[PDB]
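>
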């Protein structure tokens, strides 16, 4: 689940940067 | 070796954030 | 689609940083 | 597991920063 | 492959940012002295 969590975190970072 | 260098750079980013 | 999501996210982040 | 752990730490730090920013707001 | 290039660009940007901040902190300590 580590890789899946990392991928979800990267997606969250991208979405957060878009909102910012 | 560029992929390994990128992985080590991501590790460096995590270490930087921890120190910060 | 996980690899495509990763690629799109990383490309967006890199473009924003540039 | 280096990349996975590093990305997890980065995501956690950024999420906590955003959570604190919400309280600031 | 594009992910590796984007990661490398991000790492270079972060390293440049860190160097810049280090130079700023050095100037700050010089000013305090």
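Protein chains in written order, with full-length UniProt numbering: chain Z, 390 to 409; chain B, 390 to 409; chain D, 431 to 448; chain X, 421 to 445; chain Y, 436 to 468.
Think of the CB as a built atom: it goes at the ideal place given N, C-alpha and C, for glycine as much as any other residue.
So, is residue 398 of chain Z buried or exposed, given that buried needs 16 or more other C-beta atoms within 10 angstroms?
Residue 398 of chain Z should be labelled buried.
> Between the C-alpha atoms of residue 441 of chain X and residue 433 of chain X, what's the straight-line distance to the nearest angstrom?
Going by the C-alpha atoms only, they are around 12 Å apart.
> By a C-beta neighbour count over all protein chains shown, 10 Å radius and 16 as the cutoff for buried, is residue 456 of chain Y buried or exposed?
So residue 456 of chain Y ends up on the exposed side.
> Verify the CB distance criterion: does residue 430 of chain X have a CB-CB separation below 8 Å to chain Z?
Interface residue, yes.
> If we cut at 8 Å on Cβ distances, does residue 438 of chain X have a partner in chain Z?
Chain Z, which has a Cβ nearer than 8 Å to the Cβ of residue 438 of chain X, makes this yes.
> If the cut is a Cβ gap below 7 Å, which residues of chain Z does residue 427 of chain X touch?
Those within 7 Å of residue 427 of chain X in chain Z are 395, 398 and 399.
> Under 8 Å, do residue 428 of chain X and residue 404 of chain Z count as touching if we go by C-beta distance?
Contact: no.
> Please compile the residues from chain B whose C-beta is within a distance smaller than 8 Å of the C-beta of residue 463 of chain Y.
The contacting residues do not exist; residue 463 of chain Y stays about 16 Å from chain B at best.
> Could you tell me the alpha carbon to alpha carbon distance between residue 396 of chain B and residue 400 of chain Z, rounded to whole angstroms?
Cα to Cα, the separation comes out at about 18 Å.
> Does any residue of chain Z have a CB that is nearer than 8 Å to the CB of residue 422 of chain X?
Not closer than 8 Å to any Cβ of chain Z, the Cβ of residue 422 of chain X fails to qualify, so no.
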